[PDB]
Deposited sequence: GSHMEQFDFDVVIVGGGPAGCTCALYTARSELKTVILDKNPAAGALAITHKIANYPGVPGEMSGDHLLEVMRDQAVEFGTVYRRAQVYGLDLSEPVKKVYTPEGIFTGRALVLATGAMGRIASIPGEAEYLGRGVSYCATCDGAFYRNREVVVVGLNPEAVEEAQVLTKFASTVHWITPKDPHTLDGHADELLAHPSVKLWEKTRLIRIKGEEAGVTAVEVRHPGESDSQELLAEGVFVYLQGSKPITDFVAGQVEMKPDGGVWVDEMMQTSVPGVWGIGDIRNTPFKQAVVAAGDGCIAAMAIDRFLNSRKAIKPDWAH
C-alpha cells in the first residue's frame, strides 16, 4: 500500500556508515526505518580502497565491503533500503516530507547523513543556472530533456549511472571526462547510440539566455575553446564539501558549512538529526560517523517514544 511503502517512523537520507549505523539501531528499536541512498558507490567509505583503522575489523578490507556488512546488518534487523536520491525536504511540520523521484517519503524523525563528497559550484555559470539547466539529479530532471542535448561532467560511478539514466531521454549525451574512461562499466554506457565521448576535455563555462542554459564552453586536446549547444548540464565532480544542497538552507550551518547539531545530533529543526561528515567536523573517520548515527538513533528512540531517559541497547 501507499502508507506501507512511503510512511516511516524514521527516514534516513544517505546510506554511508553514519546512516547505516543509525538504521541498525532504530530498526533494533522496532522503529519502521528507511534508508534513501542515491548511490551506494558514491560515499566516502565506499570509495576507500583499503580501510585498516576501523576498530574491530582486522586485516584487509575494502571500504565498500565494510559498508555492505553495515547495510546488511541494518536490513537484517528490519530497515528498508531504497535506491533513491533526495532532492528536497519539507521540514515545517511534525511529519517531515522527503522528496525523491521514487515518491514522497514521510517520517516522524528525519536523519541527514549524506556525507561530504560534494563540491562548491565553481564552474562559471554553474551557480547562475542552477534550476535553469544545471542539475545534479538525473532521475529527477531527466524527463525534462526528452529529445534535447545534455552534458554530463565527470568520471566516477555516479556519473556513469546518471549518464545512463539520461540516455533514456536525451537526443545526445555529451560525456566530458578528464581522462580515458576505458581506465565497462564504461563499455555499457558508451554503447548507447546517444552518447558522445569528449575525453580529456575540460568544461570552461556554462552559458545561456534568461530562460536557461543554451551552451557550454569546452577546451579539448588546441589553445582555442569551442561552444557546444546543450540545455542540461549534469556535473558529478567529487569534492570535500558537506552535501547540503537539497536541504535548501532549512537547517543551521556552522561557519565551516557543516550542519550544526547539539549533543544528541539534533539539528536546529525539531525532529531532524544530522550525522557523519555532513556535519563537516575535522574528525572524518568511519567509526566517528558510525558513532554519530548510533547517538542519533538513541535520541530518536527517546523522542518517538516520549521516554524519560535514553535507553541503551545492551545484550544480556
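Note: segments 1, 185-186, 225 of the deposited sequence have no C-alpha coordinates in the structure.
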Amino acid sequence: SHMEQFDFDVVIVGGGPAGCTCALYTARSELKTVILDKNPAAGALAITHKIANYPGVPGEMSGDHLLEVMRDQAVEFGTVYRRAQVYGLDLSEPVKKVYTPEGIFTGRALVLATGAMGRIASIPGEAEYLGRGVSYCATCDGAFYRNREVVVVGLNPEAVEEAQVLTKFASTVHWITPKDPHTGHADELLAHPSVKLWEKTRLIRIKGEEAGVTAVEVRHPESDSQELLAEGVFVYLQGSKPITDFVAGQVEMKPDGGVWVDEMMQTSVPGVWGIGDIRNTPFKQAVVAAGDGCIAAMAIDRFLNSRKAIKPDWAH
From here on, numbers count along this sequence of modelled residues.
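The stretch with the higher mean CA B factor, choosing between 243-251 and 31-39, is 243-251.
Two stretches are in play, 104-112 and 205-213, and the higher mean C-alpha B-factor belongs to 205-213.
Ranking 73, 167, 226, 85 by Cα temperature factor from the entry places 226 first. When the C-alpha B-factors of 281, 53, 26, 48 are ranked from the entry, the top spot goes to 48. Among the modelled residues of its chain, residue 265 has a C-alpha B-factor that falls in the lowest third, as given in the PDB entry. Annotation for residue 234: C-alpha temperature factor in the middle third relative to the rest of the modelled chain, per the entry. Per the PDB record, residue ranking by Cα B-factor puts residue 183 in the highest third of the chain. Annotation for residue 6: CA B-factor lies in the highest third of the chain's modelled residues. The PDB entry assigns residue 194 a C-alpha temperature factor belonging to the middle third of its chain's modelled residues.
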